[PDB]
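The primary structure of each chain is shown beneath.
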Amino acid sequence: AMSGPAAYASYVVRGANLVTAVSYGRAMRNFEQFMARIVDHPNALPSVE
Amino acid sequence: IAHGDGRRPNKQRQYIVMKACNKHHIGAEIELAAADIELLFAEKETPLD
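Residues numbered from 1 in each chain as written, not as in the entry; some residues may be left out. Chains lettered and ligands numbered in written order. Part of a larger assembly, values for the part shown. Heavy atoms only, no water.

Per the PDB record, the structure was determined using cryo-EM to 3.7 Å resolution.

Undergrad: I'd like to hear about the overall build of chain B, residue by residue, with values.
TA: The helix and strand inventory of chain B stands at 1 helix and 0 strands. Each principal axis of the C-alpha atoms in chain B carries an extent, and together these give about 100 × 20 × 10 Å. For chain B, with 49 residues in total, the buried portion stands at 0%. Per element, the accessible surface of chain B, about 6,300 Å² overall, is 54% carbon and sulfur. (Helix = DSSP H or I, 4+ residues; strand = E, 2+ residues; numbered from the N terminus. Buried < 20%, exposed > 50% of the residue type's maximum accessible area, 1.4 Å probe, protein only. Areas by Shrake-Rupley, 256 points an atom, 1.4 Å probe, with all protein chains shown as cover.)

Undergrad: Tell me about the overall build of chain A, residues and numbers included.
TA: The helix and strand tally for chain A stands at 2 helices and 0 strands. In terms of overall dimensions, chain A has C-alpha extents of about 45 × 30 × 15 Å along its principal axes. Relative to its full complement of 49 residues, chain A shows a buried share of 4%. Counting every atom, chain A has about 5,000 Å² of accessible surface; 58% of that belongs to carbon and sulfur.

Undergrad: Quick one: what's the story with the environment of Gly6(B), residue by residue and with numbers?
TA: All names here are of chain B. Looking at the secondary structure, you find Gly-6 in the segment before α1 (34-38). The exposure class assigned to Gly-6 is exposed, which follows from its relative accessible area of 80%. Counting along the chain gives 30 residues from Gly-6 to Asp-36, while the straight-line C-alpha distance between them is 87 Å.

Undergrad: Mind laying out a nonpolar patch on the surface, listing which residues take part and the relevant values?
TA: A surface patch of nonpolar side chains, about 630 Å² in accessible area, is lined by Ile30(B), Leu32(B), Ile37(B), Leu40(B) and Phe41(B). When you line up the elements, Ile37(B) lands in helix α1. (Patch = residues over 30% accessible without salt bridge, like charges linked within 9 Å, V, L, I, M, F, W, Y side chains within 5 Å. Salt bridge = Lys/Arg side-chain N within 4 Å of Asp/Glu carboxyl O.)

Next up, the structure:
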């Protein structure tokens, strides 16, 4: 007997993903976490922890 | 108006004038795409829809 997730993971293009998906021909995955790396807190070296 | 010269007298007159309407027609043509008429009825799926 093992443990595991009961459902799939959702990915919805709601929010600021939708503006770049309509205006340009592209769309991120997790725009919000991708934005907090660049502009909210720059020059931070990647660390797995 | 009568007067005292040698001119003939004037009997009373009557004028009868007939006027009628004129018909006019107007037409404009609109095209609507078949996909545009269709997806007004298709169901909501996602925020990009």
